[PDB]
Structure formats: C-alpha cells, structure tokens
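A.B. asks: To be precise about what I am sending: the file is called data_25.pdb and holds PDB, C-alpha atoms (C1' of nucleotides).
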```
ATOM      1  CA  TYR H 372     184.217 131.171  49.147  1.00  0.00           C
ATOM      2  CA  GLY H 373     180.712 131.366  50.659  1.00  0.00           C
ATOM      3  CA  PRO H 374     179.505 129.375  53.714  1.00  0.00           C
ATOM      4  CA  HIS H 375     177.754 125.979  53.595  1.00  0.00           C
ATOM      5  CA  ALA H 376     175.031 124.055  55.448  1.00  0.00           C
ATOM      6  CA  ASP H 377     175.822 121.514  58.189  1.00  0.00           C
ATOM      7  CA  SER H 378     174.148 118.696  56.210  1.00  0.00           C
ATOM      8  CA  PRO H 379     173.490 117.612  52.585  1.00  0.00           C
ATOM      9  CA  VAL H 380     169.852 117.330  53.761  1.00  0.00           C
ATOM     10  CA  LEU H 381     167.274 120.089  54.420  1.00  0.00           C
ATOM     11  CA  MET H 382     163.904 120.281  56.229  1.00  0.00           C
ATOM     12  CA  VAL H 383     160.723 122.228  55.466  1.00  0.00           C
ATOM     13  CA  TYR H 384     157.452 122.516  57.415  1.00  0.00           C
ATOM     14  CA  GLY H 385     154.108 124.326  57.059  1.00  0.00           C
ATOM     15  CA  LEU H 386     153.227 122.216  53.978  1.00  0.00           C
ATOM     16  CA  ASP H 387     149.762 121.529  55.468  1.00  0.00           C
ATOM     17  CA  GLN H 388     147.767 123.271  52.706  1.00  0.00           C
ATOM     18  CA  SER H 389     146.933 121.309  49.530  1.00  0.00           C
ATOM     19  CA  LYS H 390     148.860 123.797  47.352  1.00  0.00           C
ATOM     20  CA  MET H 391     152.225 122.288  48.352  1.00  0.00           C
ATOM     21  CA  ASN H 392     153.737 119.283  46.546  1.00  0.00           C
ATOM     22  CA  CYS H 393     157.219 117.793  46.024  1.00  0.00           C
ATOM     23  CA  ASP H 394     157.375 119.126  42.450  1.00  0.00           C
ATOM     24  CA  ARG H 395     156.446 122.714  43.374  1.00  0.00           C
ATOM     25  CA  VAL H 396     158.555 123.056  46.533  1.00  0.00           C
ATOM     26  CA  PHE H 397     161.679 121.456  45.098  1.00  0.00           C
ATOM     27  CA  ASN H 398     161.723 123.500  41.857  1.00  0.00           C
ATOM     28  CA  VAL H 399     161.216 126.782  43.764  1.00  0.00           C
ATOM     29  CA  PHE H 400     164.490 126.210  45.634  1.00  0.00           C
ATOM     30  CA  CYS H 401     166.034 124.421  42.621  1.00  0.00           C
ATOM     31  CA  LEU H 402     166.471 127.772  40.850  1.00  0.00           C
ATOM     32  CA  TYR H 403     168.940 128.550  43.692  1.00  0.00           C
ATOM     33  CA  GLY H 404     171.431 125.715  43.004  1.00  0.00           C
ATOM     34  CA  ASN H 405     172.002 122.064  42.033  1.00  0.00           C
ATOM     35  CA  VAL H 406     169.569 119.543  43.561  1.00  0.00           C
ATOM     36  CA  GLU H 407     169.492 115.756  44.050  1.00  0.00           C
ATOM     37  CA  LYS H 408     166.177 114.425  45.445  1.00  0.00           C
ATOM     38  CA  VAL H 409     163.067 115.241  47.528  1.00  0.00           C
ATOM     39  CA  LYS H 410     160.928 113.260  50.007  1.00  0.00           C
ATOM     40  CA  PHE H 411     157.650 113.970  51.842  1.00  0.00           C
ATOM     41  CA  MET H 412     156.873 112.712  55.368  1.00  0.00           C
ATOM     42  CA  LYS H 413     153.703 111.535  57.137  1.00  0.00           C
ATOM     43  CA  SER H 414     155.266 112.187  60.575  1.00  0.00           C
ATOM     44  CA  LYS H 415     153.924 115.786  60.577  1.00  0.00           C
ATOM     45  CA  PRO H 416     150.687 117.512  59.419  1.00  0.00           C
ATOM     46  CA  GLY H 417     152.777 119.157  56.666  1.00  0.00           C
ATOM     47  CA  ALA H 418     156.539 118.658  56.289  1.00  0.00           C
ATOM     48  CA  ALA H 419     159.188 117.292  53.913  1.00  0.00           C
ATOM     49  CA  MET H 420     162.934 116.734  53.500  1.00  0.00           C
ATOM     50  CA  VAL H 421     165.313 117.593  50.643  1.00  0.00           C
ATOM     51  CA  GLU H 422     168.808 116.688  49.403  1.00  0.00           C
ATOM     52  CA  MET H 423     170.897 119.134  47.356  1.00  0.00           C
ATOM     53  CA  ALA H 424     174.416 120.490  46.889  1.00  0.00           C
ATOM     54  CA  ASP H 425     174.695 121.885  50.404  1.00  0.00           C
ATOM     55  CA  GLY H 426     177.157 124.723  49.839  1.00  0.00           C
ATOM     56  CA  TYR H 427     175.442 127.096  47.425  1.00  0.00           C
ATOM     57  CA  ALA H 428     171.986 125.498  47.204  1.00  0.00           C
ATOM     58  CA  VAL H 429     171.161 124.931  50.898  1.00  0.00           C
ATOM     59  CA  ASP H 430     172.804 128.214  51.926  1.00  0.00           C
ATOM     60  CA  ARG H 431     170.855 130.371  49.455  1.00  0.00           C
ATOM     61  CA  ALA H 432     167.572 128.533  50.120  1.00  0.00           C
ATOM     62  CA  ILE H 433     168.066 129.385  53.824  1.00  0.00           C
ATOM     63  CA  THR H 434     168.984 132.968  52.843  1.00  0.00           C
ATOM     64  CA  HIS H 435     165.972 133.716  50.626  1.00  0.00           C
ATOM     65  CA  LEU H 436     162.846 131.530  51.075  1.00  0.00           C
ATOM     66  CA  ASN H 437     163.002 129.441  54.262  1.00  0.00           C
ATOM     67  CA  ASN H 438     159.757 130.308  56.278  1.00  0.00           C
ATOM     68  CA  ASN H 439     158.682 132.843  53.637  1.00  0.00           C
ATOM     69  CA  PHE H 440     154.955 133.304  52.922  1.00  0.00           C
ATOM     70  CA  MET H 441     153.252 131.336  50.098  1.00  0.00           C
ATOM     71  CA  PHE H 442     149.634 130.397  49.246  1.00  0.00           C
ATOM     72  CA  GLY H 443     148.328 132.432  52.211  1.00  0.00           C
ATOM     73  CA  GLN H 444     150.427 130.184  54.507  1.00  0.00           C
ATOM     74  CA  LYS H 445     154.108 129.684  55.416  1.00  0.00           C
ATOM     75  CA  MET H 446     156.857 127.343  54.129  1.00  0.00           C
ATOM     76  CA  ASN H 447     159.378 127.199  57.021  1.00  0.00           C
ATOM     77  CA  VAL H 448     162.961 126.257  56.062  1.00  0.00           C
ATOM     78  CA  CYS H 449     166.005 125.054  58.070  1.00  0.00           C
ATOM     79  CA  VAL H 450     168.850 122.460  58.030  1.00  0.00           C
ATOM     80  CA  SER H 451     168.193 118.707  58.436  1.00  0.00           C
ATOM     81  CA  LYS H 452     169.903 116.208  60.775  1.00  0.00           C
ATOM     82  CA  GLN H 453     169.526 113.264  58.346  1.00  0.00           C
ATOM     83  CA  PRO H 454     172.580 111.801  56.542  1.00  0.00           C
ATOM     84  CA  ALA H 455     170.715 111.373  53.215  1.00  0.00           C
ATOM     85  CA  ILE H 456     167.257 110.759  51.700  1.00  0.00           C
ATOM     86  CA  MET H 457     166.339 107.113  51.028  1.00  0.00           C
ATOM     87  CA  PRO H 458     164.037 105.842  48.231  1.00  0.00           C
ATOM     88  CA  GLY H 459     161.742 102.826  48.693  1.00  0.00           C
ATOM     89  CA  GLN H 460     158.139 102.613  49.916  1.00  0.00           C
ATOM     90  CA  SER H 461     155.719 105.542  49.453  1.00  0.00           C
ATOM     91  CA  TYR H 462     152.111 106.662  50.058  1.00  0.00           C
ATOM     92  CA  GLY H 463     151.476 109.096  47.181  1.00  0.00           C
ATOM     93  CA  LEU H 464     150.504 112.783  47.454  1.00  0.00           C
ATOM     94  CA  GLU H 465     147.404 114.953  46.954  1.00  0.00           C
ATOM     95  CA  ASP H 466     149.053 116.414  43.806  1.00  0.00           C
ATOM     96  CA  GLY H 467     151.592 113.656  43.033  1.00  0.00           C
ATOM     97  CA  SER H 468     151.812 109.894  42.438  1.00  0.00           C
ATOM     98  CA  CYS H 469     154.669 109.203  44.894  1.00  0.00           C
ATOM     99  CA  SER H 470     155.892 110.759  48.164  1.00  0.00           C
ATOM    100  CA  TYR H 471     159.334 110.800  46.481  1.00  0.00           C
ATOM    101  CA  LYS H 472     160.982 112.334  43.392  1.00  0.00           C
ATOM    102  CA  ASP H 473     164.425 112.518  41.742  1.00  0.00           C
ATOM    103  CA  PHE H 474     166.299 115.389  40.024  1.00  0.00           C
ATOM    104  CA  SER H 475     169.934 114.193  40.017  1.00  0.00           C
ATOM    105  CA  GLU H 476     169.579 113.403  36.278  1.00  0.00           C
ATOM    106  CA  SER H 477     167.287 116.355  35.441  1.00  0.00           C
ATOM    107  CA  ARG H 478     168.387 119.250  33.209  1.00  0.00           C
ATOM    108  CA  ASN H 479     166.525 121.639  35.553  1.00  0.00           C
ATOM    109  CA  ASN H 480     169.767 121.922  37.563  1.00  0.00           C
ATOM    110  CA  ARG H 481     170.901 125.445  36.675  1.00  0.00           C
ATOM    111  CA  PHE H 482     174.532 125.029  37.835  1.00  0.00           C
ATOM    112  CA  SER H 483     175.073 121.544  36.352  1.00  0.00           C
ATOM    113  CA  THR H 484     176.962 122.944  33.319  1.00  0.00           C
ATOM    114  CA  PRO H 485     179.781 125.450  32.635  1.00  0.00           C
ATOM    115  CA  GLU H 486     177.835 127.061  29.754  1.00  0.00           C
ATOM    116  CA  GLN H 487     175.122 127.958  32.292  1.00  0.00           C
ATOM    117  CA  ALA H 488     177.400 128.831  35.232  1.00  0.00           C
ATOM    118  CA  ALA H 489     179.138 131.426  33.018  1.00  0.00           C
ATOM    119  CA  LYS H 490     175.919 133.469  32.557  1.00  0.00           C
ATOM    120  CA  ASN H 491     173.812 132.446  35.586  1.00  0.00           C
ATOM    121  CA  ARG H 492     172.577 135.152  37.971  1.00  0.00           C
ATOM    122  CA  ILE H 493     171.036 134.982  41.466  1.00  0.00           C
ATOM    123  CA  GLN H 494     169.499 137.653  43.731  1.00  0.00           C
ATOM    124  CA  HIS H 495     167.056 138.134  46.623  1.00  0.00           C
ATOM    125  CA  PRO H 496     163.395 137.272  45.889  1.00  0.00           C
ATOM    126  CA  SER H 497     161.013 139.942  44.589  1.00  0.00           C
ATOM    127  CA  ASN H 498     157.548 140.480  43.115  1.00  0.00           C
ATOM    128  CA  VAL H 499     159.298 140.407  39.703  1.00  0.00           C
ATOM    129  CA  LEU H 500     159.570 137.170  37.705  1.00  0.00           C
ATOM    130  CA  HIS H 501     161.451 136.073  34.566  1.00  0.00           C
ATOM    131  CA  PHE H 502     160.610 133.397  31.989  1.00  0.00           C
ATOM    132  CA  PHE H 503     162.090 131.605  28.974  1.00  0.00           C
ATOM    133  CA  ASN H 504     160.715 128.843  26.715  1.00  0.00           C
ATOM    134  CA  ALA H 505     157.411 130.676  26.118  1.00  0.00           C
ATOM    135  CA  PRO H 506     155.157 131.112  23.024  1.00  0.00           C
ATOM    136  CA  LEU H 507     155.710 134.069  20.659  1.00  0.00           C
ATOM    137  CA  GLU H 508     152.198 135.361  21.542  1.00  0.00           C
ATOM    138  CA  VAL H 509     152.220 134.441  25.259  1.00  0.00           C
ATOM    139  CA  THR H 510     151.785 138.088  26.380  1.00  0.00           C
ATOM    140  CA  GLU H 511     149.151 139.434  28.856  1.00  0.00           C
ATOM    141  CA  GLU H 512     146.525 137.421  26.899  1.00  0.00           C
ATOM    142  CA  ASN H 513     148.104 133.957  27.477  1.00  0.00           C
ATOM    143  CA  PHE H 514     149.393 134.896  30.921  1.00  0.00           C
ATOM    144  CA  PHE H 515     145.893 135.942  31.998  1.00  0.00           C
ATOM    145  CA  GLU H 516     143.877 132.963  30.749  1.00  0.00           C
ATOM    146  CA  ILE H 517     146.481 130.436  31.979  1.00  0.00           C
ATOM    147  CA  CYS H 518     146.603 131.829  35.526  1.00  0.00           C
ATOM    148  CA  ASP H 519     142.808 132.156  35.655  1.00  0.00           C
ATOM    149  CA  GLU H 520     142.376 128.527  34.522  1.00  0.00           C
ATOM    150  CA  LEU H 521     144.683 127.362  37.345  1.00  0.00           C
ATOM    151  CA  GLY H 522     142.737 129.571  39.803  1.00  0.00           C
ATOM    152  CA  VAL H 523     145.983 131.473  40.543  1.00  0.00           C
ATOM    153  CA  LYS H 524     146.014 135.291  40.622  1.00  0.00           C
ATOM    154  CA  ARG H 525     147.155 136.794  37.299  1.00  0.00           C
ATOM    155  CA  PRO H 526     150.198 139.134  37.233  1.00  0.00           C
ATOM    156  CA  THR H 527     149.783 142.914  37.569  1.00  0.00           C
ATOM    157  CA  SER H 528     152.233 143.602  34.717  1.00  0.00           C
ATOM    158  CA  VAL H 529     153.652 141.713  31.710  1.00  0.00           C
ATOM    159  CA  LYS H 530     156.450 142.102  29.132  1.00  0.00           C
ATOM    160  CA  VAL H 531     157.574 139.935  26.186  1.00  0.00           C
ATOM    161  CA  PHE H 532     160.479 140.279  23.738  1.00  0.00           C
ATOM    162  CA  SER H 533     162.940 138.663  21.293  1.00  0.00           C
ATOM    163  CA  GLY H 534     166.673 138.550  20.472  1.00  0.00           C
ATOM    164  CA  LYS H 535     167.431 136.054  23.282  1.00  0.00           C
ATOM    165  CA  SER H 536     166.578 133.088  21.022  1.00  0.00           C
ATOM    166  CA  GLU H 537     165.018 132.383  17.607  1.00  0.00           C
ATOM    167  CA  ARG H 538     163.430 129.139  18.903  1.00  0.00           C
ATOM    168  CA  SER H 539     161.305 130.630  21.713  1.00  0.00           C
ATOM    169  CA  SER H 540     160.288 133.897  23.431  1.00  0.00           C
ATOM    170  CA  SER H 541     161.293 135.400  26.809  1.00  0.00           C
ATOM    171  CA  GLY H 542     160.065 138.216  29.082  1.00  0.00           C
ATOM    172  CA  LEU H 543     159.243 139.506  32.586  1.00  0.00           C
ATOM    173  CA  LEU H 544     156.202 139.469  34.917  1.00  0.00           C
ATOM    174  CA  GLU H 545     155.234 141.273  38.139  1.00  0.00           C
ATOM    175  CA  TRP H 546     152.760 140.882  41.036  1.00  0.00           C
ATOM    176  CA  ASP H 547     151.340 143.069  43.833  1.00  0.00           C
ATOM    177  CA  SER H 548     153.458 141.151  46.404  1.00  0.00           C
ATOM    178  CA  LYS H 549     156.596 139.003  46.769  1.00  0.00           C
ATOM    179  CA  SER H 550     154.500 136.070  48.023  1.00  0.00           C
ATOM    180  CA  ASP H 551     152.192 136.485  45.009  1.00  0.00           C
ATOM    181  CA  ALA H 552     155.093 135.969  42.601  1.00  0.00           C
ATOM    182  CA  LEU H 553     156.313 133.008  44.704  1.00  0.00           C
ATOM    183  CA  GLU H 554     152.999 131.103  44.728  1.00  0.00           C
ATOM    184  CA  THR H 555     152.679 131.643  40.967  1.00  0.00           C
ATOM    185  CA  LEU H 556     156.227 130.267  40.657  1.00  0.00           C
ATOM    186  CA  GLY H 557     154.992 127.041  42.278  1.00  0.00           C
ATOM    187  CA  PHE H 558     152.099 126.600  39.817  1.00  0.00           C
ATOM    188  CA  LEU H 559     153.610 127.792  36.499  1.00  0.00           C
ATOM    189  CA  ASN H 560     157.211 126.491  36.511  1.00  0.00           C
ATOM    190  CA  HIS H 561     157.977 123.583  34.135  1.00  0.00           C
ATOM    191  CA  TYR H 562     154.465 124.017  32.667  1.00  0.00           C
ATOM    192  CA  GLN H 563     153.775 122.464  29.237  1.00  0.00           C
ATOM    193  CA  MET H 564     153.278 124.792  26.246  1.00  0.00           C
ATOM    194  CA  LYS H 565     150.579 124.296  23.602  1.00  0.00           C
ATOM    195  CA  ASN H 566     151.490 124.038  19.890  1.00  0.00           C
ATOM    196  CA  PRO H 567     149.378 124.566  16.726  1.00  0.00           C
ATOM    197  CA  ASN H 568     150.853 121.510  14.941  1.00  0.00           C
ATOM    198  CA  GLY H 569     153.800 120.305  17.079  1.00  0.00           C
ATOM    199  CA  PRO H 570     154.203 116.539  17.712  1.00  0.00           C
ATOM    200  CA  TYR H 571     154.884 117.244  21.414  1.00  0.00           C
ATOM    201  CA  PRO H 572     154.866 120.038  24.050  1.00  0.00           C
ATOM    202  CA  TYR H 573     158.042 121.666  25.419  1.00  0.00           C
ATOM    203  CA  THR H 574     158.174 122.971  29.006  1.00  0.00           C
ATOM    204  CA  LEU H 575     158.183 126.643  30.038  1.00  0.00           C
ATOM    205  CA  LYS H 576     160.530 127.793  32.824  1.00  0.00           C
ATOM    206  CA  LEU H 577     160.605 130.754  35.211  1.00  0.00           C
ATOM    207  CA  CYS H 578     162.380 132.126  38.301  1.00  0.00           C
ATOM    208  CA  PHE H 579     162.946 135.278  40.387  1.00  0.00           C
ATOM    209  CA  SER H 580     163.827 138.147  38.048  1.00  0.00           C
ATOM    210  CA  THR H 581     166.938 140.335  38.008  1.00  0.00           C
ATOM    211  CA  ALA H 582     165.545 142.745  35.371  1.00  0.00           C
ATOM    212  CA  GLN H 583     165.118 146.494  35.925  1.00  0.00           C
ATOM    213  CA  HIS H 584     161.353 146.498  35.141  1.00  0.00           C
ATOM    214  CA  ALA H 585     158.404 144.400  33.922  1.00  0.00           C
ATOM    215  CA  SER H 586     156.827 146.778  31.350  1.00  0.00           C
TER     216      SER H 586
ATOM    217  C1'   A D   1     158.712 119.813  63.875  1.00  0.00           C
ATOM    218  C1'   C D   2     163.529 114.891  60.905  1.00  0.00           C
ATOM    219  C1'   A D   3     160.657 108.401  57.121  1.00  0.00           C
ATOM    220  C1'   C D   4     156.416 103.043  55.539  1.00  0.00           C
ATOM    221  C1'   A D   5     163.508 104.274  53.938  1.00  0.00           C
TER     222        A D   5
ATOM    223  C1'   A M   1     162.065 125.003  22.593  1.00  0.00           C
ATOM    224  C1'   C M   2     167.119 125.608  30.025  1.00  0.00           C
ATOM    225  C1'   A M   3     168.188 131.201  32.642  1.00  0.00           C
ATOM    226  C1'   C M   4     167.430 138.485  32.789  1.00  0.00           C
ATOM    227  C1'   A M   5     165.075 144.345  28.723  1.00  0.00           C
TER     228        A M   5
END
```
Do you think you could lay out the structure here as structure tokens?

C.D. replies:
Amino acid sequence: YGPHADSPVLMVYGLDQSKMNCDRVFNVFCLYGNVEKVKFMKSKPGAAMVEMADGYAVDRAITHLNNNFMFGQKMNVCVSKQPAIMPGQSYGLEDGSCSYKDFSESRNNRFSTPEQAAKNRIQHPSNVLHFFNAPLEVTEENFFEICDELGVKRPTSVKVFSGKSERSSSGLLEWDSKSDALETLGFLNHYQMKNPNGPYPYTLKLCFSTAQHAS
RNA sequence: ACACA
RNA sequence: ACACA
C-alpha cells in the first residue's frame, strides 16, 4: 500500500552531542516499525547508520523525525546508499560499550507479531507521550524524581490509570514542546523499574501518544 | 555528510 | 511486568 525507502539502510547525522547513543536513537525510530541493527561511524563528527524493514519503518522515520530537534540540537535523517550493516570491529561509545547493537531478536519490535499489529497505532509526533509497564504509584511523584535524577526536564503534565492490565500500570505524559517529549523519549525508554521485593527489574516502555489528553 | 565491516 | 483515557 504505502511507499518504501530506496534501501534497507538509513543514515543519520548531527549526533555530535554526548546525549546521542545507538540505544537511544534506534529505539526512538523503533516505535515506528520493525528494526534489525544499528551502527555508529567515526567518519563524521556525529553520524550513524541503521538497518530496518524499509517499507513502513524507514518511510515513517523519514516522515516524522528525520532532522527534527532533540537535546537542543538536530538529528538529521535520510536514506542510506549502503547494501547492509556489517558487524565486526568496534571502538565503543561515550554512552555504550560497542559502536554496534542488534535488535533482530528483540521483543521491542512493535510489528513483529499479529497480536500487536491488530491493535498497534501510529501518528505524527507531539508533546504528548504514552507509557506502559510502569509502577502502580509512578505518578507525578516518580516521574518528577526520575527525570530530575537523569538531569532531564520533568513533564508539564501527568496521568496514570488502570484497566489496561492487572500486572502493571499505564498512563500519559506531556511537555512544553515536541522536542522536549522527544529528548525525554531517548532517556526514559526501556528504563528499569524498581521493586520492593522483586528478584529482578522489568523494563518500562514509552512512545508518542495518540490519547486525547494528558490529565 | 555513508565503516576499523 | 510490550503499545493509547
């Protein structure tokens, strides 16, 4: 139905600031479709390359975030000319252990299953944000002290509810700008939850909201 | 802005 | 403890 990119690979630039990393960049556009792998490059003062399902994931990433503002800087996006990303040697990152990472086996892929694709929803970016896999008492109190500990600006509005699951909470958030919700997406997605007596943490997840409000 | 793959 | 109030 929809159009597709000219390559299974994608290119991004403007990653000069220390706030960018392969985990943060790749999950931001991962909410837009199925992904494969990501790779950083030393050949520029701040750039990287990505491999994804090119139809829906590289089209929508180029439709919604490519050269949008983030962290007080820009994250340029456009199509690659490479045939595919190759693993091998690396040099590490300022916020990562390797210049390379893999997601082809990750559950983070939102379109990887028919039980997700039947209820999935996608829209243009906004200052509104949605979350799932969050504590029952996560509200403005846990959202405020978590963002302030990471040095990130806290949201301007918060909402939390139930009935979506009995295992974990869900709700909406909002910021004073679209780039403010996007930079907080980079720092809070896949973040580990705390537990009062649990044997291990479980990760929180978030993405651009389609809700009608955040309060 | 297209790799110590 | 994987996706829209």

A.B. asks: Considering only C-alpha atoms, state which residue in the set H:441, H:493, H:469, H:509 is at the smallest distance from residue 555 of chain H.

C.D. replies: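 Smallest separation from residue 555 of chain H among the options: H:441.
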
A.B. asks: Would you pick out the contacts of residue 411 of chain H at 8 Å or less, using all atoms listed in the file, so that residues sharing its chain but fewer than 6 positions from it are not included, and give the list as a PyMOL selection string?

C.D. replies: chain H and resi 393+418-420+470-471

A.B. asks: Next, dump the selected residues to file, keeping only C-alpha atoms, as a short mmCIF file (atom, residue, chain, number, x, y, z; two decimals), in the frame of the given file.

C.D. replies:
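So again-v1.cif came out as:
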```cif
data_model
loop_
_atom_site.label_atom_id
_atom_site.label_comp_id
_atom_site.auth_asym_id
_atom_site.auth_seq_id
_atom_site.Cartn_x
_atom_site.Cartn_y
_atom_site.Cartn_z
CA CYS H 393 157.22 117.79 46.02
CA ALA H 418 156.54 118.66 56.29
CA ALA H 419 159.19 117.29 53.91
CA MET H 420 162.93 116.73 53.50
CA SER H 470 155.89 110.76 48.16
CA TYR H 471 159.33 110.80 46.48
#
```

A.B. asks: Can you tell me how far atom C1' of residue 5 of chain M sits from atom CA of residue 518 of chain H, in Å to one decimal?

C.D. replies: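 Distance between the two atoms: 23.3 Å.
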
A.B. asks: What would the selection look like, as a list in words, if the PyMOL selection byres ((chain M and resi 2) around 8) were run on the coordinates I just shared?

C.D. replies: residues 478, 479, 481, 503, 504 and 576 of chain H; 3 of chain M

A.B. asks: Based on only C-alpha atoms (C1' of nucleotides), which of the residues in chain H come within 7 Å of chain D? I want them as a PyMOL selection string.

C.D. replies: chain H and resi 412+451-453+457-461

A.B. asks: For atom CA of residue 428 of chain H and atom CA of residue 405 of chain H, quote the distance in Å rounded to one decimal.

C.D. replies: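 Pair atom CA of residue 428 of chain H / atom CA of residue 405 of chain H returns 6.2 Å.
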
A.B. asks: Can you tell me how far atom CA of residue 532 of chain H sits from atom CA of residue 574 of chain H, in Å to one decimal?

C.D. replies: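 The value is 18.2 Å.
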